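Everything on this sheet refers to the single structure shown next.
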Amino acid sequence: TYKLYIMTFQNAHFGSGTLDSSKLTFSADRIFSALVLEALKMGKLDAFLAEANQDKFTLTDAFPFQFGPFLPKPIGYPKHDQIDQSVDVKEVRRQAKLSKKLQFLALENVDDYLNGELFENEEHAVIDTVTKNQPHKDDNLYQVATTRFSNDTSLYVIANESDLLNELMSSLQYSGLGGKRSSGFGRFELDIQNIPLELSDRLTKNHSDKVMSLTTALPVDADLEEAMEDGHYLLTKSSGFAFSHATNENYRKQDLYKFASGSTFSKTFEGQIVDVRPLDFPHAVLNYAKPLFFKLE
RNA sequence: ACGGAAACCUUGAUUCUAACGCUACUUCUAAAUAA
């Protein structure tokens, strides 16, 4: 709600479920887990947990940043009320395919897209796969996909200006983010910027109008029905093997279905720092699904 | 408590075998006319 944390990447691998896949942007659960792990290994885990449990804490999904804050395509607003055209069906299907292919809009034209304007994607990163082997038994051949950014494209996240969070970010920029961090993939350089004046007035947490979630958030049971009864959304799985130092064997942490970004809702709701630890294991796994909204027209 | 942790695109392999810078060739020819 306060800052515009930008992070310049050169090579990163954010898995989509398999090691051979690599998404362009990471979700908020990945960065929250990275921060929690950094605080735990440094020693100040409880301070970060107390800050996260407070309602002032905020975190959003990674979004592209290329000479201007970019944002998620609003799911459910190509609405025909502003998309009615007299063109033939060939152009109608071409523009529908172009809209479906679009994944990230620029902040300068977000309202323009809500008016019915059409935009295209931009060169951000190339998803390349490199094959490596294990020459210790000479019977291994694995493949890792990466997301080497260029065109001076960085990633940005929106978090509060806090000394703890800034310190954890600065410690994380030499620890990498996601993937084979101790193999080259994941490293980044941190910078801290102020939110542009065209974003801070709309980046919100509470009104009753239509608000795009900017985070993979899961409402509590109190307002879930009201969320989906008049909402447009997408579902993502936060499954995986829970990285932990207190087991000799990896355990599949509990699957979780979360509302992606940008899911549009008729009102704001409350998130959850949900425990997804397997039964009978002292330290838990925290999945951050807490909303940061965007006010729309 | 990051679909994460551990993995060298590594092991050996001569741009190598054959092939005359070779063939014919005198550092040599002409002495007029005048006295």
Side-chain angles (χ1 to χ4, degrees), chain A residues 5 7 9 11-53 59-62 127-137 141-147 155 157 159 165 168-169 171-181 183-188 215-216 235-258 260 272-289:
Chain A
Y5 282 82
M7 293 180 183
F9 279 96
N11 221 334
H13 156 70
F14 314 111
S16 66
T18 187
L19 174 49
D20 316 310
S21 61
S22 189
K23 281 147 38 203
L24 176 79
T25 67
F26 68 66
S27 179
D29 66 325
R30 186 179 295 275
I31 193 66
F32 186 71
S33 302
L35 293 174
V36 160
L37 294 174
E38 287 296 275
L40 183 62
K41 65 179 73 175
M42 185 180 288
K44 65 179 73 175
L45 187 154
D46 268 15
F48 183 75
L49 294 174
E51 194 197 351
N53 296 322
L59 294 174
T60 195
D61 301 340
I127 297 89
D128 63 358
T129 62
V130 298
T131 314
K132 294 181 176 67
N133 56 6
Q134 168 175 31
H136 187 93
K137 68 181 178 67
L141 204 60
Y142 67 102
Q143 294 179 356
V144 298
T146 50
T147 318
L155 294 174
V157 298
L165 188 153
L168 286 175
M169 294 299 291
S171 66
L172 183 63
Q173 73 172 307
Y174 293 98
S175 296
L177 183 63
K180 315 287 291 165
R181 292 183 291 113
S183 284
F185 322 117
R187 287 188 55 146
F188 64 94
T215 300
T216 63
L235 277 296
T236 62
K237 291 174 70 175
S238 190
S239 47
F241 270 103
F243 173 51
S244 293
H245 292 171
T247 43
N248 297 114
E249 293 83 3
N250 64 7
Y251 285 72
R252 291 281 272 91
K253 57 195 192 153
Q254 293 82 17
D255 201 9
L256 183 63
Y257 301 86
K258 317 203 265 172
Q272 198 52 48
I273 301 299
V274 65
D275 188 349
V276 291
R277 196 66 255 189
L279 277 296
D280 301 334
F281 182 76
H283 63 87
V285 175
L286 294 174
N287 200 347
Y288 182 76

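Side-chain atoms are counted along with the backbone in the values below, which use heavy atoms only and exclude waters and symmetry mates. First the proteins, then the strands, lettered A, B, ... as listed; each starts at 1.
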Using the side-chain heavy atoms of [X], tell me which of these nucleotides is nearest: [options].
X: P135(A); options: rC8(B), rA1(B), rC2(B); result: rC8(B)
X: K132(A); options: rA1(B), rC9(B), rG4(B); result: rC9(B)
X: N133(A); options: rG3(B), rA1(B), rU10(B); result: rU10(B)
X: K180(A); options: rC2(B), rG4(B), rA7(B); result: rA7(B)
X: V285(A); options: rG3(B), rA1(B), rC8(B); result: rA1(B)
X: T131(A); options: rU10(B), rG3(B), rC9(B); result: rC9(B)

Subject >> Torsion-based syn/anti label for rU26(B), 90° from 0 as limit >> reply: syn
Subject >> North (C3'-endo side) or south (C2'-endo side) for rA13(B) via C1'-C2'-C3'-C4' >> reply: south
Original post:
Can you tell me if the sugar in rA18(B) is north or south, using the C1'-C2'-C3'-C4' torsion?
Top reply: north
Take atom [atom1] of [X] and atom [atom2] of [N], then tell me their distance rounded to the nearest Å.
X: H136(A); N: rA7(B); atom1: NE2; atom2: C1'; value: 10 Å
X: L286(A); N: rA1(B); atom1: CG; atom2: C1'; value: 7 Å
X: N287(A); N: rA1(B); atom1: CG; atom2: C1'; value: 11 Å
X: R181(A); N: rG3(B); atom1: CZ; atom2: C1'; value: 13 Å

Original post:
Can you check whether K253(A) has a side-chain N or O nearer than 4.0 Å to OP1 or OP2 of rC2(B)?
Top reply: yes
Subject >> Any donor-acceptor N/O pair under 3.5 Å between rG3(B) base and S239(A) side chain >> reply: yes
Subject >> Pairwise P distance for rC2(B) and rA6(B), with rounding to whole Å >> reply: 14 Å
Original post:
Can you check whether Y142(A) stacks with the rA7(B) base, using ring centres under 5.5 Å and planes within 30°?
Top reply: yes
Subject >> Non-hydrogen side-chain atoms of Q134(A) and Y142(A) separated by less than 4.5 Å >> reply: no
